[PDB]
């Protein structure tokens, strides 16, 4: 008989799809304030999916940070659960990089510093995201220089201090860490591997690990077989390459942490260390990167 969302919120257009949820814009009718409603039909969910839904709700409530989507409200009705977020209107960071045309290391460094601040906050709260990838990097608004917002805690897990455990196989293949692929016990460092993959893509516009044979893809990740080929990497500062190397370190105990990465000079001294040169080929590749993702997403839906 609990219908507070139905009573007090009005739903509008869809803003994003999900495997088992939808995100629709909504308005708290009394206040006239806009939010994003992440809605799960709970009517025929399994007990495990109930647990995962409840987990995501707890973690979202727990995370308050300038670069993390902010939970405004949470409402449970008979056959629907609603997570109500502050609305972010800047879209995907990767689409905005392409739309604004010009991009340098200095821009990438400012972007990844924000991502690292979000991730550091998750880890300080005992949360491992486990799904750091381009679709989960939003921008607060269409304002030039708007903040990056980390989204989608659907795969996030709770850890206890620095203890590692086998928390399962989850994530997007191209971003998976070697320790997960080896079925080793893992924890927070899996997020920093994914940050290294994202940062690699921010610099040259294509992924460090890529193969249509997923078995070979996983071999390459587990071997840390990435490269900085010429010509595109010839103009990337040594310090940006060094930060990538420290994130894409196979041994998770030696991989750089979020706190250490925020002290990395390419980040902490961006103004004098990061190149200000526009990287036209990076934006060109990113444009194809985004098209490949959207098509590969639209295609299997049709198959």
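Residue numbers count along the first chain shown, from 1.
Select between 202-210 and 182-190 the stretch whose C-alpha atoms have the higher average B-factor in the entry.
The entry gives the higher C-alpha B-factor average to 182-190.
Comparing 43-51 with 273-281, the one whose average Cα B-factor in the PDB entry is higher:
That would be 43-51.
Tell me which of 228, 85, 169, 82 tops the list for C-alpha B factor in the record.
Reading the PDB entry, the winner on C-alpha B-factor is 169.
For the listed 224, 91, 196, 161, which has the peak Cα B-factor recorded in the PDB entry?
Largest recorded C-alpha B-factor: 161.
Within this chain, which third does the Cα B-factor at residue 37 fall in: lowest, middle or highest?
Ranked within chain, residue 37 CA B lands in the lowest tercile.
Considering every modelled residue of the chain and its Cα B-factor in the PDB entry, is residue 107 in the lowest, middle or highest third?
Middle third.
Quick check on the deposited entry: does the C-alpha B-factor of residue 146 sit in the lowest, middle or highest third of its chain?
Highest third, going by the recorded CA B-factors of the chain.
Third assignment of residue 288 from its chain's C-alpha B-factors:
Lowest third.
Ranked by Cα temperature factor within the chain, is residue 165 in the lowest third, the middle third or the highest third?
Top third by C-alpha B-factor.
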